[PDB]
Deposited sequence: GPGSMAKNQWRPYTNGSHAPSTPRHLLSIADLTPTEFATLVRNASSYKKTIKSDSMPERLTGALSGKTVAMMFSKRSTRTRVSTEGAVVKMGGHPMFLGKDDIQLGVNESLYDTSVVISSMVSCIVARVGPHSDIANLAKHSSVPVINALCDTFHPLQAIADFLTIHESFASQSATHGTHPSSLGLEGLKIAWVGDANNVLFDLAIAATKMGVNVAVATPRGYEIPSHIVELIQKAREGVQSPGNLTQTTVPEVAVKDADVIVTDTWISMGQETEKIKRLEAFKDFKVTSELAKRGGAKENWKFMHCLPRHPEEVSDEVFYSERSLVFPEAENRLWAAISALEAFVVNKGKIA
């Protein structure tokens, strides 16, 4: 039976800190003109299949680059390429028998689990309705660098403020922060709250950690930002535009709610002009571009762990 990566919920706190340290390490070596021994030709002769249900160029760029550093071949199968004209069972058994890994994006989560259930090779979740494991790893890599033993990244007592809609990215970030002893506070409009199944996974993630990260739920943005070390948002039709009125991240929101003097900004891209101001996006406060690049380093770490080390994280 192969081990899959569907959500941060599948990782112990130790396993998660290790993926992040590895990405940090590989990044420092490769950006100064060297190759890690563990990675050289680790995937040569081998194919990784990328299955995408809707366009996702950004995700493609980093998976593609990560596979190639390991000397493997990335295979793109988009929405014009591939459960419509053939059962989901069949597609799953057949493709997995001629590749070494599947990186997959689909719509509903029920879809990805069924695929993994019958795959004979490790499946990694590129993005689904409720999870986004690769993004969390990138985001914590970024946090770890900017604020620079085995079961921790030394981040205990930090505060993250999320302002906007409750979605896939927040869900996994929340689960990670809890394991790392980081406090999270979430501001959303009435009707756009964290689903209670997600609150259940966050709570279960508390088990066995001596100082877990705490969860705060609010309707008022000025409340969330209080004493925040980092502020995060995300992309949000007619119904929505009126509802998110005061939810735009601005300089005036930080001072008014009382965030830390040196608060930093994060958004996982692409960015539209509704969620955040130009002044904020392009300030020295903004970790946006390093965060985007850390996708490359997070994919290398994850693929080494799940494909090469067949799931034994070290």
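Unmodelled segments of the deposited chain, in sequence order: 1 to 21, 104 to 105, 172 to 179, 268 to 275.
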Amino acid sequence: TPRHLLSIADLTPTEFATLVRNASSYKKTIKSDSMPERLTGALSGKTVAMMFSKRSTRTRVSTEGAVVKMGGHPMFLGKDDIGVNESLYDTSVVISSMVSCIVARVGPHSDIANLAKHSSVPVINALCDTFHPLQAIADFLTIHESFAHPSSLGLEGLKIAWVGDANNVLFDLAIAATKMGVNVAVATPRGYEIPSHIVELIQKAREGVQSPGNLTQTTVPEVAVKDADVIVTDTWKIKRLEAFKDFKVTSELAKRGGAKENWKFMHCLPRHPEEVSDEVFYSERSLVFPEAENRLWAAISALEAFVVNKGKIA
From here on, numbers count along this sequence of modelled residues.
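Taking only CA atoms, the mean B-factor in the PDB entry is higher for 254 to 262 than for the other of 254 to 262 and 39 to 47. Just going by the entry, 24 to 32 versus 265 to 273 on mean CA temperature factor gives the higher value to 265 to 273. Out of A174, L88, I102, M75, the entry records its largest CA B-factor for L88. Between the residues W162, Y192, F131, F140, the entry's highest C-alpha temperature factor is the one at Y192. In the PDB entry, a CA B factor belonging to the middle third of its chain's modelled residues is recorded for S152. Per the deposited record, the Cα B-factor of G181 falls in the middle third when ranked against the other modelled residues of its chain.
Per the PDB record, residue ranking by Cα B-factor puts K248 in the highest third of the chain. Ranked against the other modelled residues of its chain, the C-alpha B-factor of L127 as given in the entry falls in the middle third. Ranked against the other modelled residues of its chain, the C-alpha B-factor of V209 as given in the entry falls in the highest third.
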